[PDB]
């Protein structure tokens, strides 16, 4: 329940410009600009979206987890382990317990599109 003063922002995600054929794994990279991430849980969900109209709407959660895979001093990655199918997707990352009450309780990635190439 203690907030460790971490502040994670989505910095990048899979670039699906043009035709990216399913299956291809999706990811997001997050930078922590706050204090070191220790015990605060930053939940994430990969949503299969109805569409990419902003602001993004909750869809079907097909994978989930917590931000944990450290790739730099202040940098983390979330990614898929299940086989992807054609559709439109985005990661939704939730503020941890005790996070300040300014702004949203979540952050979405940009939408990512996987084509049907069969």
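Residue numbers count along the first chain shown, from 1.
For the two regions 1-9 and 108-116, the entry's Cα B-factors average higher over 1-9. With 87-95 and 67-75 compared on mean CA B-factor from the PDB entry, the stretch scoring higher is 67-75. By the numbers in the PDB entry, the CA B factor is greatest at 52 among 52, 61, 29, 26. Compared with the other modelled residues of the chain, the Cα B-factor recorded for residue 37 ranks in the highest third. Ranked by C-alpha B-factor against the other modelled residues of its chain, residue 100 falls in the middle third. The deposited CA B-factor of residue 14 belongs to the lowest third of values across its chain.
Residue 47 sits in the lowest third of its chain by CA B factor, as recorded in the PDB entry.
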